[PDB]
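Read the structure below first, then the notes.
With ideal geometry, Cβ positions are generated from the backbone for all residues, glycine too; neighbour counts draw on all protein chains shown. Only the coordinates and a few stated rules stand behind these numbers; no lab work does.
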Amino acid sequence: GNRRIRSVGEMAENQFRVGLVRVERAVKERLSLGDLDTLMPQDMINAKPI
Amino acid sequence: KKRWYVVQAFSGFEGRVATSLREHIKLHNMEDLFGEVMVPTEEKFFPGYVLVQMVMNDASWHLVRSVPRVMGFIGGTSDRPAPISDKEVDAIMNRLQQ
Amino acid sequence: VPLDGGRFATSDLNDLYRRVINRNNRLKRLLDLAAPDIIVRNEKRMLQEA
DNA sequence: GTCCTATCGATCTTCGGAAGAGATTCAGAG
DNA sequence: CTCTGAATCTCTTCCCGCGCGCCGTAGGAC
């Protein structure tokens, strides 16, 4: 009653979250310094960290 | 009177750090607290350091460390970081002039 | 040594020596070009710490 | 199309080891 | 005012063999 099962659809949701955290730490800066006149979302993010 | 200080950037993005620093100055309009920004170049020393004419308030210190891709100042301590020297600024300007 | 062909499977020591030697190159530089205390107290610390 | 110089010089290394021993830090007092 | 007691911190140790399996240097700059 104190120990719970984590199964694949939870461990992968966490490790996916690490990916979004490492996008967060980029896209914030690029959004701050960026002109927001040229940029479109596919310029903002990139898949490599996920 | 504005004295010099040394800033460390991610080595390779140094011109973009200098441009973003000038732009953060003209955003947060502390125009009376910054003189220049030097990246000297020979036909490139120093390899990753940005020279800033500045004064020391904690607001301007947070400004320069809130500029992106900047690690921090290089000095004796992180409370009151260190300016360099009169003759050292003069010699760097000498070799930049020469 | 090679890994599966010429992919280098470095023995780790060559990364440690590479760390040292880079710092020692930079320290000979910033000494002979006569950096101030605050700069050599960077590289000298980084060297001892390597 | 690319030859590298380099590392969180603007975070966050995992809590679920015990032990067992030493180095190093503090009591109630003569 | 610091002397023998005790108190908190880090360092060091944790079977022998053995067989598979995989996966193995990086974001950046001309």
Could you name the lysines in cross-link range of A:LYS48, using Cα to Cα under 18 Å and dropping any fewer than eight places away on the same chain?
A:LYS28
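Taking a quarter of the surface of the Cα convex hull of the protein assembly as shown, what do you get in nm²? Kindly include the intermediate steps, with their values, before the conclusion.
Working: hull surface 78.5 nm².
Projected area, direction-averaged: 19.6 nm².
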For B:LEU63, C:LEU47, what ranking results if the residue with the fewest other Cβ atoms within 10 Å of its Cβ goes first?
C:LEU47, B:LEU63
Between rounded, prolate and oblate, where does chain C land on the alpha carbon gyration tensor, with a ≥ b ≥ c its root eigenvalues, rounded for a/c under 1.5, else prolate if a/b exceeds b/c?
prolate
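If neighbour count is taken as other Cβ atoms inside 10 Å, put B:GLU43, B:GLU88, A:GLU13 in order from fewest to most.
Lowest count first: B:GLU43, A:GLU13, B:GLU88.
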I need the Kirkwood Rh of chain B: take the reciprocal of the average 1/r across all distinct C-alpha pairs and report it in angstrom.
13.8 Å
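When the helix-only estimate is applied to chain B (DSSP H runs of n ≥ 4, each -39,500 (n - 2.57), divided by the residue count), what is the mean residue ellipticity at 222 nm, nearest 500 deg cm²/dmol?
Details: 3 runs with 35 residues, N = 98.
Computed mean residue ellipticity for chain B: -11000 deg cm²/dmol.
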Could you give the C-alpha radius of gyration of chain A expressed as a fraction of 2.2 N^0.38 Å, taking N as the number of residues it contains?
1.64
Reachable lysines, given that their alpha-carbon falls under 30 Å from the alpha-carbon of B:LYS2 and they are not under 8 places away in the same chain
B:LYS26, B:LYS44, B:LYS87, C:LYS44
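To the nearest 0.05, what FRET efficiency results for A:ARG30 and A:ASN2 with a Förster distance of 30 Å applied to their C-beta separation?
Working: r = 43 Å, r/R0 = 1.45.
Working from the Cβ atoms, E equals 0.10.
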May I ask you to order A:38-48, B:75-85, C:14-24 by the average number of other C-beta atoms within 10 Å around their residues, highest value first?
B:75-85, C:14-24, A:38-48
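Net charge near B:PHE45, counting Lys/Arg +1 and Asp/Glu -1 over other residues with Cβ under 15 Å of its Cβ?
Values: positive: B:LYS44, B:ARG95, C:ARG26, C:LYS28, C:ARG29; negative: B:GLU14, B:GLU42, B:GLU43, B:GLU88, C:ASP32, C:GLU43.
Around B:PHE45, the surrounding residues sum to -1.
With a cut-off of at most 13 other beta carbons within 10 Å, and DSSP calling the residue loop, which trypsin sites (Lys or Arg not before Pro) in chain A qualify? Please list them. Don't skip to the answer; put the middle values down first.
Details: sites: A:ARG3, A:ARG4, A:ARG6, A:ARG17, A:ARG22, A:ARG25, A:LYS28, A:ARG30; in loops: A:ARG3, A:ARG4, A:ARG6.
Answer by residue number: A:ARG3, A:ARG4, A:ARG6.
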